[PDB]
């Protein structure tokens, strides 16, 4: 019952999921001058192995790469987190045109796309779904994408999109190391927030990396060639699959660096 169309888009989600109007909703506009430098935070480490990826799937709302999460070999730790969170999946949000598509914004600025690497507290909860209901359940690392030079590692993923263009299709996607989609800086902003798609549960520690990665226009275009629709429907391109900034409601944004 939800999507990114004119009738079922983010402005209407609250009609189905009242938490849409809650006190810790994501994404947000990060006002860099208002972020609080927090030097006691631990260094953020993304400890990712090369061959933990399973498949790539067009689920109707994004393209998502799922991971074997049955041990603690692909984890985020440090920064604001009290212990390791295992990577379950990553996916993207992007725009129709070149200058929108990210969910978080910085000082009002959007990026063409935003990557989400989605991690759960498996040491505490027995399932991703269970963790996704609890305030300390999830840790999502957000990476902005800008267009510029072609990203070599990205080719593997953008070349894979043809076969998952229609909603509900998937392909095997082995030995894709998500470390290859990270910037050379580990500086970040962190705040307590929510899933940015229903059920919009306020269960996420957001870690938005300060530095964007760059992919080419051709690469960005491959994402725009995905469809929201299945093989036998009128084609509707999967674009503008992002939720806009939500009210801060007096939450504190911390930063690992001085702006």
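Numbering follows the first chain given and starts at 1. Rigid core here is just the name for the largest C-alpha set that superposes within 1.5 Å across the two forms.
- Greater C-alpha displacement in 7 other deposited structures of this protein (rigid core superposition, RMS over structures and residues), of 109-117 versus 96-104: 96-104.
- The PDB entry reports B-factors from which the mean C-alpha value can be compared for 91-99 and 126-134; the larger average falls on 91-99.
- The stretch 231-239 shows the higher mean C-alpha B-factor when 231-239 is compared against 12-20 in the entry.
- Of the candidates 80, 178, 183, 83, it is 83 whose Cα B-factor is highest according to the PDB record.
- Ranking 29, 219, 196, 34 by the C-alpha B-factor listed in the PDB entry places 34 at the top.
- Split the chain's modelled residues into thirds by C-alpha temperature factor. Residue 187 is in the middle one.
- In the PDB entry, a CA B factor belonging to the highest third of its chain's modelled residues is recorded for residue 38.
- Residue 46 sits in the highest third of its chain by CA B factor, as recorded in the PDB entry.
- Sort the chain's modelled residues by C-alpha temperature factor and residue 120 lands in the lowest third, per the entry.
- Ranked by C-alpha B-factor against the other modelled residues of its chain, residue 144 falls in the lowest third.
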